[PDB]
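Notes for the one structure printed next.
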Amino acid sequence: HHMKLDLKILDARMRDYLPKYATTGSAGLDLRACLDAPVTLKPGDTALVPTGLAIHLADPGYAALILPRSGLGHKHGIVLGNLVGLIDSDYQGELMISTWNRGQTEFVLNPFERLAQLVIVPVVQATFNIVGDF
Amino acid sequence: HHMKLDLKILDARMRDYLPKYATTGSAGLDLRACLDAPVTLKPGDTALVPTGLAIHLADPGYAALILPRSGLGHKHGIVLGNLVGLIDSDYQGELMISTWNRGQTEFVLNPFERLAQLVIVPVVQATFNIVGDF
Amino acid sequence: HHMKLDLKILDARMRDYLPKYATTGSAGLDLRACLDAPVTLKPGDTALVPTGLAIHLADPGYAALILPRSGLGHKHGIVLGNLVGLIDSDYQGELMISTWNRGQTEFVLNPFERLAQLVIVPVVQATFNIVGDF
């Protein structure tokens, strides 16, 4: 499916770096580091990296998952400190990336570097029914 | 969407700590540690933490993902040892959280502390079709 | 739901080891290591492990998530170096598993060992709408 997704550009430099689907078959949008200067990430360290963007999914039938990038993660050990992020339909603040160096090699994160992937999935809100036995 | 979700309270202390959606726009349910006493997690260690709860999704068109919490993960390095848990529609045992300290700071997990997020997503069962070329 | 999923067997040894849903209620398919010989993974190391298989989801309304296995991850610290893999509907290359030993114990990965889980989920492609305020 498609969905109209409201996007606020919090940092004007990101007008030139908006997330884009690579192909019509792509599942994810790439989120980039909105940084004034490169950030060095030592092995084991975590940085909170702004994206310069906010979204409003709005429809409670959907959420977004934020995932590491395959190359950064596999090749450089640059992943997410919370592993996978969950963006609620009513979350309207800046998207921030918990960036964790899970490997053994110091890495320099560049301004505007693609850092994570955003995937929009349907979700269900359960209504619990307490039972003694299933 | 909404779904009727059968829930068994395996440990009576959890009647006062049932998972709840924070808002009508929330995607996830918070799962809590069902513990008699605090558990200290040294850097690198993994503990299997009970929730005191079991669910039965029942509908094979759905599954649950269990994710780290953003604050615990980012700020304290308390995440999941299997990274992301997948709960099958027919899994009816106690939900257990593989809790891993991925950081460098010893952490004390409290009884009833929110430890993970549960998100219900639709899933598809594929029927493979072996081909020589796509 | 169900979906016809084209599958190319890139390595003939995998004809005897095709992924299979354990039960009609299972959400995930197990992906196995297609290896000539066991691979030793020291703590902290990452290996790129072939599956001997390629899929073509084809429908841009779906994607696959590749997750660690719960037992391997929890008990042995054998997880994914990119944490969670995202397979796009138009990705038709060999499925490769970034295999990372996140724990403190050396592990030997066996030929044909189940290494990851593949889950097919619906996804949405957003059309951004830039707004000044939500």
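Please note that chains go A, B, ... in the order of the structure tokens, that every chain numbers its residues from 1, and that ligands are numbered from 1 in the order shown.
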
Contact residues (chain C, partner chain A, 8 Å, only C-alpha atoms) as a PyMOL selection string: chain C and resi 44+46+58-63+81-90+98+121-134

With chain B held fixed, move chain C onto it by a least-squares fit of all C-alpha atoms in order and give the output as a short mmCIF file (atom, residue, chain, number, x, y, z; two decimals) with N, CA and C atoms, in the first residue's frame.
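selection.cif, written as the output of this step:
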```
data_model
loop_
_atom_site.label_atom_id
_atom_site.label_comp_id
_atom_site.auth_asym_id
_atom_site.auth_seq_id
_atom_site.Cartn_x
_atom_site.Cartn_y
_atom_site.Cartn_z
N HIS C 1 -6.02 -1.93 13.47
CA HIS C 1 -7.09 -2.87 13.91
C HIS C 1 -7.02 -3.19 15.42
N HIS C 2 -8.06 -3.87 15.90
CA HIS C 2 -8.08 -4.47 17.24
C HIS C 2 -8.24 -5.99 17.12
N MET C 3 -7.86 -6.69 18.18
CA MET C 3 -7.94 -8.15 18.26
C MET C 3 -8.19 -8.56 19.70
N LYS C 4 -9.09 -9.51 19.91
CA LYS C 4 -9.29 -10.12 21.21
C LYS C 4 -8.11 -11.04 21.47
N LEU C 5 -7.37 -10.78 22.54
CA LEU C 5 -6.17 -11.54 22.83
C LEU C 5 -6.26 -12.22 24.18
N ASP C 6 -6.37 -13.54 24.16
CA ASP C 6 -6.38 -14.31 25.40
C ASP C 6 -5.05 -14.19 26.12
N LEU C 7 -5.16 -13.93 27.42
CA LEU C 7 -4.04 -13.68 28.31
C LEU C 7 -4.22 -14.53 29.57
N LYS C 8 -3.20 -15.32 29.88
CA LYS C 8 -3.17 -16.08 31.12
C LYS C 8 -2.18 -15.41 32.10
N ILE C 9 -2.67 -15.12 33.30
CA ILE C 9 -1.84 -14.56 34.33
C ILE C 9 -1.26 -15.74 35.11
N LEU C 10 0.00 -16.05 34.83
CA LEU C 10 0.66 -17.19 35.44
C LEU C 10 1.11 -16.90 36.85
N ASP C 11 1.44 -15.64 37.11
CA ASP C 11 1.85 -15.20 38.44
C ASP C 11 0.89 -14.12 38.91
N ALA C 12 0.16 -14.43 39.98
CA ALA C 12 -0.87 -13.54 40.50
C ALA C 12 -0.40 -12.12 40.81
N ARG C 13 0.89 -11.92 41.07
CA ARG C 13 1.36 -10.56 41.34
C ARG C 13 1.20 -9.65 40.11
N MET C 14 1.10 -10.24 38.92
CA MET C 14 0.98 -9.43 37.72
C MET C 14 -0.42 -8.90 37.46
N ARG C 15 -1.41 -9.31 38.24
CA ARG C 15 -2.74 -8.71 38.11
C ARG C 15 -2.72 -7.18 38.27
N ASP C 16 -1.78 -6.70 39.08
CA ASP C 16 -1.63 -5.29 39.32
C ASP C 16 -0.70 -4.58 38.33
N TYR C 17 -0.17 -5.33 37.35
CA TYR C 17 0.86 -4.82 36.45
C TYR C 17 0.63 -5.31 35.03
N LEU C 18 -0.63 -5.36 34.60
CA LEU C 18 -0.91 -5.87 33.27
C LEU C 18 -0.38 -4.91 32.21
N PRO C 19 0.07 -5.44 31.05
CA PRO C 19 0.50 -4.54 29.98
C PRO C 19 -0.66 -3.66 29.50
N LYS C 20 -0.36 -2.41 29.16
CA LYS C 20 -1.39 -1.45 28.77
C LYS C 20 -0.84 -0.55 27.69
N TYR C 21 -1.64 -0.24 26.67
CA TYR C 21 -1.26 0.79 25.69
C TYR C 21 -1.30 2.15 26.37
N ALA C 22 -0.21 2.90 26.25
CA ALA C 22 -0.12 4.21 26.88
C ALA C 22 -1.17 5.19 26.34
N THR C 23 -1.38 5.16 25.02
CA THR C 23 -2.37 6.00 24.35
C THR C 23 -3.07 5.19 23.28
N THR C 24 -4.16 5.73 22.74
CA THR C 24 -4.85 5.08 21.65
C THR C 24 -4.00 5.06 20.37
N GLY C 25 -2.92 5.84 20.32
CA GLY C 25 -1.99 5.80 19.18
C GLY C 25 -0.75 4.94 19.37
N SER C 26 -0.65 4.27 20.51
CA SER C 26 0.52 3.46 20.82
C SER C 26 0.54 2.16 20.03
N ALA C 27 1.72 1.77 19.58
CA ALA C 27 1.90 0.51 18.84
C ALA C 27 2.26 -0.68 19.72
N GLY C 28 2.84 -0.41 20.87
CA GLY C 28 3.41 -1.46 21.70
C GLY C 28 2.83 -1.52 23.10
N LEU C 29 2.91 -2.72 23.66
CA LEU C 29 2.55 -3.03 25.02
C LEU C 29 3.82 -3.26 25.82
N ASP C 30 3.89 -2.69 27.02
CA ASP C 30 5.11 -2.90 27.81
C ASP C 30 5.00 -4.16 28.67
N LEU C 31 6.06 -4.96 28.57
CA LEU C 31 6.22 -6.18 29.34
C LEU C 31 7.17 -5.89 30.50
N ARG C 32 6.82 -6.40 31.67
CA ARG C 32 7.53 -6.12 32.89
C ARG C 32 8.20 -7.36 33.45
N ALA C 33 9.24 -7.12 34.23
CA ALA C 33 9.96 -8.19 34.91
C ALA C 33 9.15 -8.71 36.10
N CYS C 34 8.85 -9.99 36.10
CA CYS C 34 8.18 -10.64 37.22
C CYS C 34 9.25 -11.33 38.06
N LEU C 35 9.73 -10.61 39.07
CA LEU C 35 10.87 -11.03 39.88
C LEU C 35 10.56 -10.91 41.37
N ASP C 36 11.08 -11.85 42.15
CA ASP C 36 10.97 -11.79 43.61
C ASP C 36 11.88 -10.72 44.20
N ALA C 37 12.96 -10.43 43.50
CA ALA C 37 14.00 -9.56 43.99
C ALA C 37 14.77 -8.97 42.82
N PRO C 38 15.42 -7.83 43.03
CA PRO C 38 16.24 -7.26 41.96
C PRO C 38 17.32 -8.23 41.47
N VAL C 39 17.66 -8.11 40.18
CA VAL C 39 18.66 -8.94 39.52
C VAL C 39 19.74 -8.00 38.99
N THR C 40 20.98 -8.25 39.37
CA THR C 40 22.08 -7.45 38.89
C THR C 40 22.64 -8.06 37.60
N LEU C 41 22.72 -7.23 36.57
CA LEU C 41 23.24 -7.62 35.26
C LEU C 41 24.56 -6.92 34.96
N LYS C 42 25.64 -7.69 35.03
CA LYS C 42 26.95 -7.18 34.73
C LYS C 42 27.08 -6.97 33.22
N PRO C 43 28.00 -6.08 32.82
CA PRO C 43 28.25 -5.92 31.39
C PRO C 43 28.50 -7.26 30.70
N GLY C 44 27.79 -7.48 29.61
CA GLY C 44 27.95 -8.68 28.83
C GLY C 44 27.05 -9.82 29.23
N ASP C 45 26.43 -9.73 30.41
CA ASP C 45 25.66 -10.88 30.84
C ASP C 45 24.22 -10.88 30.31
N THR C 46 23.66 -12.09 30.27
CA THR C 46 22.30 -12.33 29.80
C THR C 46 21.57 -13.06 30.94
N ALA C 47 20.34 -12.63 31.24
CA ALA C 47 19.44 -13.28 32.18
C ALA C 47 18.13 -13.58 31.47
N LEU C 48 17.48 -14.67 31.84
CA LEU C 48 16.16 -15.00 31.31
C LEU C 48 15.14 -14.56 32.34
N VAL C 49 14.36 -13.55 31.99
CA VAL C 49 13.50 -12.87 32.94
C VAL C 49 12.04 -13.22 32.64
N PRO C 50 11.33 -13.80 33.61
CA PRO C 50 9.92 -14.09 33.36
C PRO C 50 9.05 -12.86 33.37
N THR C 51 7.94 -12.92 32.64
CA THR C 51 6.94 -11.85 32.64
C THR C 51 5.75 -12.18 33.53
N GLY C 52 5.58 -13.44 33.91
CA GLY C 52 4.41 -13.87 34.65
C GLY C 52 3.14 -13.97 33.81
N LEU C 53 3.28 -13.90 32.49
CA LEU C 53 2.15 -13.85 31.57
C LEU C 53 2.36 -14.79 30.40
N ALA C 54 1.25 -15.29 29.85
CA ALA C 54 1.24 -16.01 28.58
C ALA C 54 0.13 -15.46 27.72
N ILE C 55 0.35 -15.40 26.41
CA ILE C 55 -0.68 -15.00 25.48
C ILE C 55 -0.95 -16.11 24.48
N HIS C 56 -2.09 -16.02 23.83
CA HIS C 56 -2.40 -16.92 22.74
C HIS C 56 -2.97 -16.12 21.59
N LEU C 57 -2.11 -15.76 20.64
CA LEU C 57 -2.58 -14.94 19.51
C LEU C 57 -3.64 -15.67 18.69
N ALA C 58 -3.41 -16.96 18.48
CA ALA C 58 -4.37 -17.92 17.91
C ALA C 58 -4.56 -17.81 16.39
N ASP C 59 -4.68 -16.59 15.89
CA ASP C 59 -4.88 -16.34 14.47
C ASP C 59 -3.51 -16.42 13.78
N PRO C 60 -3.31 -17.40 12.86
CA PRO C 60 -2.00 -17.54 12.20
C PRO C 60 -1.66 -16.39 11.24
N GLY C 61 -2.58 -15.46 11.04
CA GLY C 61 -2.30 -14.27 10.29
C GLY C 61 -1.58 -13.20 11.08
N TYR C 62 -1.27 -13.46 12.35
CA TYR C 62 -0.60 -12.47 13.21
C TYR C 62 0.53 -13.09 14.00
N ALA C 63 1.49 -12.25 14.37
CA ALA C 63 2.57 -12.63 15.27
C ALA C 63 2.90 -11.44 16.14
N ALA C 64 3.69 -11.66 17.18
CA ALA C 64 4.17 -10.53 17.97
C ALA C 64 5.68 -10.45 17.88
N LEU C 65 6.16 -9.22 17.78
CA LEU C 65 7.57 -8.92 17.92
C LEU C 65 7.81 -8.36 19.31
N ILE C 66 8.88 -8.83 19.93
CA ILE C 66 9.30 -8.29 21.22
C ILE C 66 10.60 -7.54 21.00
N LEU C 67 10.57 -6.26 21.37
CA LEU C 67 11.65 -5.31 21.11
C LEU C 67 12.19 -4.75 22.42
N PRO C 68 13.46 -4.31 22.43
CA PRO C 68 13.93 -3.54 23.57
C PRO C 68 13.15 -2.25 23.74
N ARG C 69 13.19 -1.71 24.95
CA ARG C 69 12.67 -0.37 25.19
C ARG C 69 13.72 0.66 24.76
N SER C 70 13.28 1.80 24.25
CA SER C 70 14.22 2.78 23.72
C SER C 70 15.09 3.39 24.81
N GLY C 71 14.51 3.76 25.94
CA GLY C 71 15.30 4.34 27.02
C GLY C 71 16.26 3.37 27.66
N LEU C 72 15.76 2.20 28.07
CA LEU C 72 16.64 1.20 28.65
C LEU C 72 17.76 0.86 27.70
N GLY C 73 17.43 0.70 26.42
CA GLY C 73 18.44 0.29 25.47
C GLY C 73 19.47 1.36 25.23
N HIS C 74 19.01 2.56 24.90
CA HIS C 74 19.91 3.65 24.60
C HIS C 74 20.71 4.12 25.82
N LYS C 75 20.02 4.36 26.92
CA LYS C 75 20.65 4.96 28.10
C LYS C 75 21.43 3.97 28.98
N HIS C 76 20.94 2.73 29.04
CA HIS C 76 21.49 1.74 29.98
C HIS C 76 22.05 0.49 29.33
N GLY C 77 21.90 0.37 28.01
CA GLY C 77 22.38 -0.82 27.33
C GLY C 77 21.67 -2.11 27.73
N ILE C 78 20.42 -2.01 28.16
CA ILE C 78 19.67 -3.19 28.57
C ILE C 78 18.70 -3.51 27.45
N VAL C 79 19.05 -4.56 26.72
CA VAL C 79 18.36 -4.95 25.51
C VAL C 79 18.06 -6.44 25.55
N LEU C 80 17.79 -7.04 24.39
CA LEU C 80 17.41 -8.44 24.32
C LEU C 80 18.57 -9.27 23.80
N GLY C 81 18.82 -10.43 24.42
CA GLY C 81 19.93 -11.29 24.01
C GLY C 81 19.71 -11.94 22.66
N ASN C 82 18.45 -12.13 22.28
CA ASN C 82 18.09 -12.57 20.94
C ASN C 82 17.72 -11.41 19.99
N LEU C 83 17.95 -10.19 20.48
CA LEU C 83 17.77 -8.91 19.77
C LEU C 83 16.30 -8.53 19.56
N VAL C 84 15.57 -9.40 18.88
CA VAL C 84 14.13 -9.26 18.66
C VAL C 84 13.53 -10.64 18.82
N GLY C 85 12.47 -10.74 19.63
CA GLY C 85 11.75 -11.98 19.80
C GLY C 85 10.56 -12.05 18.87
N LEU C 86 10.28 -13.25 18.40
CA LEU C 86 9.13 -13.53 17.56
C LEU C 86 8.22 -14.52 18.27
N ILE C 87 7.00 -14.10 18.55
CA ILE C 87 6.00 -14.95 19.18
C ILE C 87 5.01 -15.42 18.13
N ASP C 88 4.98 -16.74 17.94
CA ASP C 88 4.12 -17.40 16.96
C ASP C 88 2.69 -17.40 17.49
N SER C 89 1.75 -17.48 16.56
CA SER C 89 0.34 -17.48 16.89
C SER C 89 -0.07 -18.64 17.79
N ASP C 90 0.67 -19.75 17.71
CA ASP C 90 0.36 -20.92 18.51
C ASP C 90 1.25 -21.09 19.74
N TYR C 91 2.09 -20.10 20.04
CA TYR C 91 2.91 -20.17 21.24
C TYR C 91 2.08 -19.77 22.44
N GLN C 92 1.97 -20.66 23.42
CA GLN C 92 1.09 -20.44 24.56
C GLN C 92 1.80 -20.59 25.91
N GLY C 93 3.13 -20.63 25.89
CA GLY C 93 3.90 -20.69 27.11
C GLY C 93 4.12 -19.30 27.71
N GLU C 94 4.77 -19.25 28.85
CA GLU C 94 5.11 -17.98 29.46
C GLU C 94 6.01 -17.18 28.54
N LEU C 95 5.71 -15.90 28.41
CA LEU C 95 6.62 -14.98 27.75
C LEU C 95 7.82 -14.74 28.66
N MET C 96 9.00 -15.03 28.12
CA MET C 96 10.28 -14.87 28.82
C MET C 96 11.11 -13.90 28.02
N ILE C 97 11.84 -13.04 28.73
CA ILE C 97 12.65 -12.01 28.10
C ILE C 97 14.13 -12.34 28.28
N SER C 98 14.83 -12.55 27.17
CA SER C 98 16.26 -12.70 27.19
C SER C 98 16.84 -11.31 27.35
N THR C 99 17.34 -11.01 28.54
CA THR C 99 17.76 -9.68 28.89
C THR C 99 19.28 -9.64 28.90
N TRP C 100 19.84 -8.79 28.05
CA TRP C 100 21.29 -8.70 27.82
C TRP C 100 21.77 -7.29 28.07
N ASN C 101 22.83 -7.18 28.88
CA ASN C 101 23.51 -5.92 29.09
C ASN C 101 24.60 -5.77 28.04
N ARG C 102 24.30 -4.99 27.01
CA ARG C 102 25.19 -4.77 25.87
C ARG C 102 26.19 -3.66 26.08
N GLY C 103 26.15 -3.01 27.24
CA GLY C 103 26.99 -1.85 27.53
C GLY C 103 28.06 -2.15 28.54
N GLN C 104 28.57 -1.09 29.17
CA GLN C 104 29.74 -1.20 30.02
C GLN C 104 29.46 -0.91 31.49
N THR C 105 28.19 -0.74 31.83
CA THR C 105 27.78 -0.35 33.18
C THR C 105 26.87 -1.41 33.79
N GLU C 106 27.23 -1.89 34.97
CA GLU C 106 26.38 -2.81 35.69
C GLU C 106 25.03 -2.15 35.97
N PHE C 107 23.98 -2.96 35.87
CA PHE C 107 22.61 -2.48 36.00
C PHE C 107 21.84 -3.39 36.93
N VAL C 108 20.98 -2.81 37.76
CA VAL C 108 20.10 -3.60 38.60
C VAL C 108 18.67 -3.51 38.06
N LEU C 109 18.16 -4.66 37.63
CA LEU C 109 16.80 -4.77 37.15
C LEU C 109 15.85 -4.91 38.33
N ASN C 110 14.84 -4.05 38.38
CA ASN C 110 13.86 -4.06 39.47
C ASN C 110 12.68 -4.95 39.20
N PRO C 111 12.13 -5.56 40.26
CA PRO C 111 10.83 -6.18 40.13
C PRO C 111 9.82 -5.23 39.50
N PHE C 112 9.08 -5.76 38.53
CA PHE C 112 8.03 -5.05 37.81
C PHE C 112 8.51 -3.96 36.86
N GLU C 113 9.82 -3.83 36.69
CA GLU C 113 10.35 -2.84 35.77
C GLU C 113 9.94 -3.18 34.33
N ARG C 114 9.53 -2.17 33.58
CA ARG C 114 9.24 -2.36 32.16
C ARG C 114 10.54 -2.68 31.45
N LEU C 115 10.55 -3.78 30.71
CA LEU C 115 11.76 -4.33 30.16
C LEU C 115 11.79 -4.47 28.63
N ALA C 116 10.62 -4.63 28.03
CA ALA C 116 10.50 -4.83 26.61
C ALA C 116 9.15 -4.34 26.12
N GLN C 117 9.02 -4.27 24.81
CA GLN C 117 7.79 -3.85 24.14
C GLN C 117 7.29 -4.99 23.26
N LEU C 118 5.98 -5.20 23.26
CA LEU C 118 5.33 -6.21 22.43
C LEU C 118 4.45 -5.52 21.40
N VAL C 119 4.72 -5.82 20.14
CA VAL C 119 4.02 -5.26 18.97
C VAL C 119 3.40 -6.39 18.17
N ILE C 120 2.13 -6.28 17.82
CA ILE C 120 1.42 -7.30 17.06
C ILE C 120 1.33 -6.85 15.61
N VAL C 121 1.84 -7.69 14.72
CA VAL C 121 1.87 -7.41 13.30
C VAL C 121 1.22 -8.53 12.52
N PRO C 122 0.61 -8.21 11.37
CA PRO C 122 0.21 -9.29 10.46
C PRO C 122 1.43 -9.97 9.86
N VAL C 123 1.31 -11.27 9.63
CA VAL C 123 2.34 -12.03 8.95
C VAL C 123 1.71 -12.90 7.87
N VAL C 124 2.54 -13.32 6.93
CA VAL C 124 2.15 -14.14 5.78
C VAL C 124 2.95 -15.44 5.84
N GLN C 125 2.29 -16.57 5.62
CA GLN C 125 2.98 -17.83 5.41
C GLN C 125 3.12 -18.05 3.92
N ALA C 126 4.36 -18.14 3.48
CA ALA C 126 4.66 -18.37 2.08
C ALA C 126 4.45 -19.82 1.70
N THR C 127 4.07 -20.01 0.45
CA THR C 127 4.11 -21.31 -0.20
C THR C 127 5.20 -21.20 -1.25
N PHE C 128 6.30 -21.91 -1.04
CA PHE C 128 7.41 -21.83 -1.98
C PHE C 128 7.05 -22.40 -3.33
N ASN C 129 7.63 -21.78 -4.34
CA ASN C 129 7.59 -22.23 -5.70
C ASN C 129 9.01 -22.21 -6.23
N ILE C 130 9.62 -23.39 -6.38
CA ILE C 130 11.01 -23.48 -6.80
C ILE C 130 11.07 -23.15 -8.30
N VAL C 131 11.94 -22.20 -8.65
CA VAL C 131 12.13 -21.77 -10.02
C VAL C 131 13.61 -21.83 -10.37
N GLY C 132 13.91 -22.00 -11.65
CA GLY C 132 15.29 -21.91 -12.13
C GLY C 132 15.76 -20.48 -12.27
N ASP C 133 14.83 -19.59 -12.63
CA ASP C 133 15.11 -18.16 -12.81
C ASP C 133 13.87 -17.36 -12.45
N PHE C 134 14.06 -16.18 -11.88
CA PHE C 134 12.93 -15.34 -11.45
C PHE C 134 12.23 -14.65 -12.62
#
```

All strand (DSSP E) residues (DSSP, backbone) inside chain A, as a VMD selection string: chain A and resid 2 to 9 28 to 32 39 to 41 46 to 56 62 to 68 78 to 80 85 to 87 94 to 101 107 to 109 114 to 122 125 to 130
